[PDB]
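Peer 1:
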Ligand SMILES: NC(=O)c1ccc[n+]([C@@H]2O[C@H](COP(=O)([O-])OP(=O)(O)OC[C@H]3O[C@@H](n4cnc5c(N)ncnc54)[C@H](O)[C@@H]3O)[C@@H](O)[C@H]2O)c1
Ligand SMILES: NC(=O)c1ccc[n+]([C@@H]2O[C@H](COP(=O)([O-])OP(=O)(O)OC[C@H]3O[C@@H](n4cnc5c(N)ncnc54)[C@H](O)[C@@H]3O)[C@@H](O)[C@H]2O)c1
Ligand SMILES: NC(=O)c1ccc[n+]([C@@H]2O[C@H](COP(=O)([O-])OP(=O)(O)OC[C@H]3O[C@@H](n4cnc5c(N)ncnc54)[C@H](O)[C@@H]3O)[C@@H](O)[C@H]2O)c1
Ligand SMILES: NC(=O)c1ccc[n+]([C@@H]2O[C@H](COP(=O)([O-])OP(=O)(O)OC[C@H]3O[C@@H](n4cnc5c(N)ncnc54)[C@H](O)[C@@H]3O)[C@@H](O)[C@H]2O)c1
Ligand SMILES: *C(=O)[C@H](O)COP(=O)(O)O
Ligand SMILES: *C(=O)[C@H](O)COP(=O)(O)O
Ligand SMILES: *C(=O)[C@H](O)COP(=O)(O)O
Ligand SMILES: *C(=O)[C@H](O)COP(=O)(O)O
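Structure (structure tokens):
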């Protein structure tokens with residue numbers, strides 16, 4: 002397996018770690034955060050959203066011990082001091098949320114890693130990948146700093162791919178009704194985004210999203226054809242994309258759902274899923290797919306305007322994609 | 002002026018009562034529910050959403066006393082037994098949520114009332130009205146069982162009117178991210194709507210919105226041109242409509258927002274409002290308008306697809322409209 | 002082994018059903034509620050608190066099919082019409098919340114069952130049992146309508162037993178900070194308890210606890226020595242008892258905790274548990290014990306006043322006790 | 002009258018500012034935080050808990066303008082750089098949460114202020130005051146760095162004073178069921194307190210409190226006689242103290258409530274209030290008193306063990322007390 006290091010052992014870092022435990026291709030050997038092993042161990046064992054960790058965790062000296070394997074714990078605020086190379090770490094998952102610009106993410110490379118996966122939309126990255134959509138575009142020689150995009154983009158892109166390929170998207174707009182995250186605030190505090198400054202668990206909070214425009218990074222044909230926003234709400238995990246699009250081909254609900262179902266069971270199995278059950282957000286807590294079509298919500302007007310709704314566990318699905326992307330990158334040679 | 006009776010002194014019944022206290026053209030003289038005066042008085046005084054009633058409330062026998070005015074309290078499950086005529090009640094607000102079918106609502110008329118306003122989409126009603134949109138259609142001789150539509154329809158219809166008149170709507174789809182209501186469930190209990198059966202405060206819950214297609218009742222030109230859904234979320238009040246529409250005329254964001262702002266300050270003042278502030282749902286708690294455009298959220302693609310977002314206090318705005326409709330009906334003669 | 006019927010397939014009914022699937026001495030063969038099989042199947046499959054049912058569920062006609070076993074579905078509002086005897090049901094779990102009075106619960110016996118377990122404090126029941134505390138008081142010949150007490154009493158009685166036996170309780174008072182339940186209201190609606198009338202997910206709500214005084218039913222020596230209250234809060238499951246008691250013997254924190262830990266590992270293992278971890282309510286979601294001491298919270302003043310805090314999953318722990326009680330009753334002969 | 006500066010314009014800082022608008026003895030002339038005027042103005046204008054500020058707010062340069070009065074906005078992380086003296090600020094309310102140790106709070110004095118009120122329990126402070134309890138212990142010459150204690154201590158101390166004086170407290174233990182605060186975490190993140198690290202809006206979270214022991218600072222007679230804890234829950238504001246105490250004198254519920262009511266209507270009017278209404282936390286949102294006895298919850302066992310429950314708006318009541326303490330200090334001479 003490829004040795005992985007996780008920088009920022011938080012909601013995404015720990016979920017990636019948990020996903021990695023059940024992946025034979027990658028091995029997490031070290032984590033970095035801003036605290037001590039005791040604290041990281043406690044957070045890893047008991048999760049308010051995902052429950053008790055299905056593993057034995059303990060602390061040995063300054064390190065974590067998980068299922069008998071020692072995981073080195075670092076506490077370096079500056080990634081340049083990480084010394085990844087010294088411990089054979091080849092891939093670093095950059096999940097602090099502070100180092101989304103290449104010049105920052107690349108510090109892991111200076112520290113000895115060979116690749117960095119930024120767990121968020123990035124700036125100046127070598128390439129942005131959405132698994133199931135454009136991983137074939139990854140180039141092992143040219144791309145060292147790779148963004149895995151956002152959880153919303155990972156939800157929308159796979160079914161946008163399907164709609165576009167099968168019926169052609171003329172233009173479309175989305176809204177994601179999205180669980181709150183740690184980028185928000187408990188009770189009205191300063192934030193660059195005056196909406197995200199407001200009490201997260203008390204309101205429906207509109208916030209801008211680059212997700213629909215970011216679909217263009219992975220589906221160039223859709224450049225300038227999409228836009229949308231988010232509405233953060235008082236749930237702690239699980240989100241849902243609501244896309245309204247104008248199509249080129251005339252369609253029925255049955256045809257749209259049938260195409261989506263086909264892709265889910267075929268080419269996009271494990272990435273896109275399809276449900277005809279009348280479910281609610283809690284039901285998708287722990288879902289590892291990127292996107293699950295809520296088939297009951299599909300509607301069409303004039304055979305040209307379609308609404309497609311798709312669920313995603315914003316922490317889990319995206320983290321499993323990070324793990325898939327790391328395994329994929331390792332498979333192309335390091 | 003006009004004597005009003007409120008059947009179902011709940012979220013809408015009590016909010017209507019509060020709105021009526023401000024209206025000199027109406028007088029609420031009686032309320033009916035399924036409990037005693039002491040309980041209704043306690044509920045009216047202390048509200049979890051709206052705070053403490055700014056008025057003196059007490060109980061005298063089987064009646065409420067509000068600012069020295071006695072309000073008769075009835076506890077008749079069957080509206081046939083209401084004897085509204087005996088106490089001079091001319092207009093009954095039917096807000097129990099159980100009597101939206103004319104067969105049931107009309108019992109108030111048999112019991113002596115002259116008019117009934119159903120506080121929800123109805124079946125077999127004489128007419129459905131949205132203030133600011135089609136009150137002109139009301140006929141005092143022909144219409145005695147009148148629906149005030151839904152809170153979502155009251156939010157959407159006023160700005161849909163504007164968009165259609167100014168640019169023409171080809172087709173459009175909406176989603177309302179909506180606060181939970183008493184039609185939902187605390188913890189997974191049977192419900193005819195399997196989504197609404199689920200714990201209200203724990204999930205994002207896709208479900209129905211009365212606004213889907215009902216806008217056509219008040220804007221016939223939009224028949225078959227709109228559809229949509231709701232997403233019930235863990236907030237106790239305030240909701241927001243998100244409409245994505247294809248327009249006939251080419252527009253810019255500036256033009257859409259300018260038309261909306263013009264209507265808000267003009268023809269639709271008091272019904273439609275316009276905000277350029279980056280607010281959140283809690284900020285609209287207590288808002289009496291039907292619809293407030295969140296101008297910052299307006300977006301356009303190809304000058305033809307537009308997204309317009311509008312806030313509404315689902316309890317307050319709608320209840321103030323019920324009061325406006327009652328005063329309007331009274332003004333055309335009883 | 003023993004055929005069981007569940008009357009009221011709700012939070013407790015379904016949780017009991019899940020617990021029974023693990024017990025080989027029990028077989029649930031029928032459930033009754035107020036809806037159709039399709040609805041009960043959907044509720045059993047997807048739970049907002051406990052997640053997806055770890056079993057295969059389908060519907061065949063008017064029945065549920067769970068792991069290939071058919072479970073009969075009834076929809077009889079009046080228990081007299083249940084005909085339990087016709088299907089060989091020996092033990093009925095009465096979990097509707099409506100039939101806690103013997104006059105009502107006993108109808109199941111008239112309908113052919115041999116025993117009824119009321120899932121709540123009861124009136125005129127033959128006996129009230131708390132497993133681990135007084136099951137030996139059960140008499141197979143004399144007792145046919147049995148109450149399993151409340152979830153709070155099941156939490157408090159086991160450790161009160163320990164404290165009293167080891168140090169002697171002079172008097173004590175409790176408060177349970179308790180998750181909201183279906184007996185509450187979504188948004189301010191009439192309730193005989195004016196506090197429980199108020200929006201459940203919006204407030205800390207003082208109210209009643211069945212555990213106040215009921216511990217005396219199972220620990221007669223404590224008659225008149227305890228009292229207390231509940232504080233319902235905005236969490237959907239998991240509660241915590243906070244007991245402050247004056248003891249007869251002088252003690253230290255260490256001694257109290259040591260006795261509690263001893264009982265947990267000994268005589269009360271599986272009923273009472275002991276934790277030295279700094280956990281929070283979500284961590285106990287799914288806990289099957291009746292009571293888990295939060296050892297870190299133990300404190301003493303003057304060697305005589307002690308505070309003991311204990312967690313309980315109010316749905317799960319209690320439901321597992323209902324199953325234990327059913328197996329116990331069956332073991333003494335039907 | 003006295004010019005005040007607020008360091009840390011957050012939940013307490015802004016609430017203090019609002020309370021000061023209603024006080025003729027002090028004038029807030031400057032505020033310091035870590036952001037720009039535009040952000041502080043937006044936060045002051047729209048509050049998720051307390052609603053819209055009923056005042057005209059605007060920004061002029063780097064300052065706030067409230068009802069035409071300019072409030073200077075600073076953004077100095079290090080209080081040494083505050084230059085309070087230059088603007089005539091005599092009293093600084095230290096509400097950042099970072100400077101509770103005298104050595105840090107005293108930096109405001111080095112910067113030119115004459116007095117500092119730390120809005121929290123402090124270390125090495127000159128004196129700790131609870132209004133209504135020991136303000137007469139304040140010495141204008143000797144005490145420059147003063148703590149206003151915690152919100153919980155402000156709730157408990159006033160009624161503990163009454164119980165002790167009237168009946169004598171032998172010993173007692175408290176739990177405050179308390180709204181979450183900004184010291185907590187949105188989704189499981191590192192925190193020195195492993196319970197406070199956990200998702201604030203998802204659980205009941207036990208946490209240690211120095212509040213009951215801190216009562217001794219203001220009621221020396223109660224040294225070593227009290228202790229207790231907190232349970233943080235998913236409400237955004239309002240908390241409740243639950244005290245269980247052994248008394249010296251034999252009492253009845255009636256007598257305890259009568260003494261509490263007497264103190265509320267007499268010596269402690271404005272500080273301690275008394276309610277016989279069955280209210281819930283939301284009803285106390287905006288309450289300016291320090292403590293409101295929930296008279297219905299009072300209970301006694303053996304005439305010696307009493308439970309007294311008291312409400313408090315943890316943001317508002319405490320902030321009004323800060324303002325009272327600032328006016329009091331100004332009244333003794335600066
Ligand atoms: N939460 C989600 O749904 C989600 C989904 C997809 C992607 N993302 C992205 O993933 C990233 C992290 O998100 P999160 O939700 O896990 O955040 P988080 O705040 O929960 O975790 C961040 C972690 O990084 C640590 N940290 C912060 N700065 C550090 C630094 N200088 N060096 C070492 N450790 C540091 C923190 O202590 C914390 O444990 C962000 O870029 C976010 O946009 C989040
Ligand atoms: N809550 C909202 O956002 C909202 C907005 C607009 C319209 N509406 C509609 O208004 C109606 C009332 O909604 P609500 O949210 O106020 O519901 P609610 O449940 O809060 O209140 C209805 C009230 O009617 C009483 N009631 C029930 N059956 C009755 C009967 N047989 N006789 C007399 N009283 C009876 C109840 O005791 C309760 O106080 C529903 O039709 C609803 O769709 C709701
Ligand atoms: N939820 C808890 O924490 C808890 C814990 C211990 C005990 N209890 C007790 O158990 C009982 C059930 O509580 P719950 O929380 O599961 O309630 P619930 O409302 O969730 O479920 C009760 C179920 O009974 C059904 N029902 C109602 N009346 C019926 C009737 N006439 N015939 C057949 N079915 C009927 C409902 O449809 C529902 O499915 C109550 O006595 C409660 O006090 C509750
Ligand atoms: N929230 C409550 O119920 C409550 C009640 C009583 C006392 N307190 C105490 O008051 C204090 C503040 O609590 P809060 O809830 O208002 O906190 P908060 O986090 O909401 O606000 C603190 C404010 O201080 C600012 N700040 C942080 N560091 C600063 C610095 N170095 N210089 C200037 N500004 C800085 C922040 O940006 C924020 O606006 C803490 O000591 C707290 O314990 C809180
Ligand atoms: C997912 O990556 C994150 O939690 C939410 O942000 P979006 O930009 O909506 O994906
Ligand atoms: C408003 O009337 C109700 O709360 C919401 O339902 P819609 O059907 O979305 O109006
Ligand atoms: C448990 O049986 C129920 O949920 C809570 O009520 P208590 O009476 O506090 O047990
Ligand atoms: C009040 O000061 C703060 O919000 C809560 O902490 P306590 O220590 O309970 O006062």
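Residue numbers (full-length UniProt numbering), protein chains in the order written: chain A, 2 to 335; chain B, 2 to 335; chain C, 2 to 335; chain D, 2 to 335.
By construction, the Cβ of each residue, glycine as well, lies at the ideal position given by its N, Cα and C atoms.
1. Going by C-alpha to C-alpha distance, which of 259(A), 210(A), 257(A), 203(A) sits closest to residue 237(A)?
2. For the stretch 108-127 of chain B against the stretch 77-89 of chain B, do three or more pairs of beta-carbon atoms, one drawn from each stretch, fall closer than 8 Å, so that the two count as touching?
3. Strictly under 9 Å for the Cβ-Cβ distance: is residue 206(D) near chain C by that measure?
4. Does any heavy atom of ligand 8 sit closer than 8 Å to the C-beta of residue 228(D)?
5. Which residues does DSSP list as the beta-bridge partners of residue 291(B)?
6. Can you check DSSP and say which residues form a bridge with residue 31(B)?
7. Where does the unbroken alpha helix (DSSP H) through residue 109(C) begin, and where does it stop?
8. Heavy atom of ligand 1 less than 8 Å from the Cβ of residue 316(A), yes or no?
9. Can you list, in chain order, the residues of its chain whose CB lies under 8 Å from that of residue 186(D), leaving out five sequence neighbours each side?
10. Mind checking which residues open and close the alpha helix (DSSP H) that includes residue 22(B)?
11. Which value, in whole angstroms, describes the spacing of the CA atoms of residue 4(D) and residue 71(D)?
12. Taking 7 Å as the limit between beta carbons, can you name the residues of its chain near residue 245(D), skipping five residues before and five after?
13. Across the stretch 316-335 of chain C and the stretch 9-25 of chain C, are there enough close Cβ pairs to call them in contact, namely three or more that are closer than 8 Å?
14. Any heavy atom of ligand 7 closer than 8 Å to the beta-carbon of residue 211(C)?
15. Count the C-beta pairs between the stretch 154-174 of chain D and the stretch 160-173 of chain A that are closer than 8 Å, then say yes if the count reaches three, no if not.
16. Which of helix, strand or coil does DSSP assign to residue 207(C)?
17. Using a Cβ-Cβ cut-off of less than 7 Å, list which residues of the stretch 4-31 of chain B approach chain C; keep chain order.
18. Do residue 178(C) and residue 240(C) have their C-beta atoms closer together than 9 Å?
19. What whole-angstrom Cβ distance do residue 114(A) and residue 131(A) have, given they're in contact under 8 Å?
20. Label residue 15(A) either buried or exposed according to how many other C-beta atoms from any shown protein chain fall within 10 Å of its C-beta, with 16 as the threshold for buried.
21. Under a Cβ-count criterion, where at least 16 other Cβ atoms within 10 Å of its own Cβ denotes burial, should residue 61(A) be classed as buried or exposed?
22. Establish whether the CB of residue 234(C) and some CB of chain A are separated by less than 9 Å.
23. Does the Cβ-Cβ distance between residue 326(D) and residue 7(D) come in under 9 Å?
24. Taking 8 Å as the threshold, find out whether the stretch 309-316 of chain D comes into contact with the stretch 143-162 of chain D through three or more Cβ pairs.
25. Taking 8 Å as the cut-off, does the CB of residue 120(A) come closer than this to any heavy atom belonging to ligand 1?
26. Looking at the secondary structure, which residues open and close the beta strand (DSSP E) in which residue 308(D) lies?
27. Helix, strand or coil: how does DSSP classify residue 247(C) here?
28. Quick one: which unbroken beta strand (DSSP E) runs of 3-plus residues sit fully inside the stretch 75-100 of chain D? Chain order, please.
29. Under 7 Å Cβ to Cβ from residue 194(A), same chain only, skipping five residues before and after it: list those, please.
Peer 2: So, from the listed chains and residues:
1. Indexing the first chain from 1 puts residue 237(A) at position 236. For residue 237(A), the nearest C-alpha among the options comes from 203(A).
2. yes
3. On the fourth chain, position 205 is the one that residue 206(D) refers to. With 9 Å as the cut-off, residue 206(D) counts as an interface residue toward chain C.
4. On the fourth chain, position 227 is the one that residue 228(D) refers to. No - ligand 8 has no heavy atom lying nearer than 8 Å to the Cβ of residue 228(D).
5. Counted from its first residue, the second chain places residue 291(B) at position 290. None; residue 291(B) has no bridge partner.
6. Here residue 31(B) refers to the residue found at position 30 when the second chain is read from its first residue. Answer is 6(B), 73(B), bridged to residue 31(B).
7. Within the third chain, the letter at position 108 stands for residue 109(C). Note, residue 109(C): alpha helix (DSSP H), 108-111.
8. For this step, residue 316(A) is matched to residue 315 along the first chain. Yes; taking the cut-off as 8 Å, the Cβ of residue 316(A) has a heavy atom of ligand 1 nearer than that.
9. Start at 1 with the first residue of the fourth chain, and residue 186(D) comes out as number 185. Answer for residue 186(D): 192, 197, 198, 199, 200, 201, listed in chain order.
10. Counting from one through the second chain, the residue named residue 22(B) turns up at place 21. Its alpha helix (DSSP H) spans residues 12-22.
11. As a working mapping, residue 4(D) is identified with position 3 in the fourth chain. As a working mapping, residue 71(D) is identified with position 70 in the fourth chain. Looking at the two C-alpha atoms, the distance is approximately 13 Å.
12. In the fourth chain, counting from the first residue as 1, residue 245(D) sits at position 244. Within the same chain, residue 245(D) has close Cβ partners 173, 174, 306, 308.
13. yes
14. Position 210 of the third chain, counting from 1, holds the residue named residue 211(C). Yes, the beta carbon of residue 211(C) sits closer than 8 Å to at least one heavy atom of ligand 7.
15. no
16. Here the question's residue 207(C) lines up with position 206 in the third chain. In the structure shown, residue 207(C) sits in a strand (DSSP, three-state: E or B).
17. 11, 12
18. If you number the third chain from 1, residue 178(C) lands on position 177. If you number the third chain from 1, residue 240(C) lands on position 239. A contact, by the Cβ cut-off of 9 Å.
19. Position 113 of the first chain holds residue 114(A). Position 130 of the first chain holds residue 131(A). About 22 Å; that fails the 8 Å criterion.
20. As a working mapping, residue 15(A) is identified with position 14 in the first chain. Classification for residue 15(A): buried.
21. Taking the first chain and counting its residues from 1, the one referred to as residue 61(A) is at position 60. It counts as exposed.
22. Taking the third chain and counting its residues from 1, the one referred to as residue 234(C) is at position 233. Not an interface residue.
23. Within the fourth chain, the letter at position 325 stands for residue 326(D). Within the fourth chain, the letter at position 6 stands for residue 7(D). No, these two residues do not count as a Cβ contact at 9 Å.
24. yes
25. Counting from one through the first chain, the residue named residue 120(A) turns up at place 119. True, at least one ligand heavy atom lies under 8 Å from that Cβ.
26. For the purposes of this step, residue 308(D) is taken as residue 307 along the fourth chain, with counting starting at 1. Segment 306-313, the beta strand (DSSP E) holding residue 308(D).
27. Walking along the third chain from the start, residue 247(C) turns up at place 246. Correct three-state label for residue 247(C): strand.
28. 92-95
29. Here the question's residue 194(A) lines up with position 193 in the first chain. For residue 194(A), where only same-chain residues beyond five positions count, the Cβ hits under 7 Å are 208.
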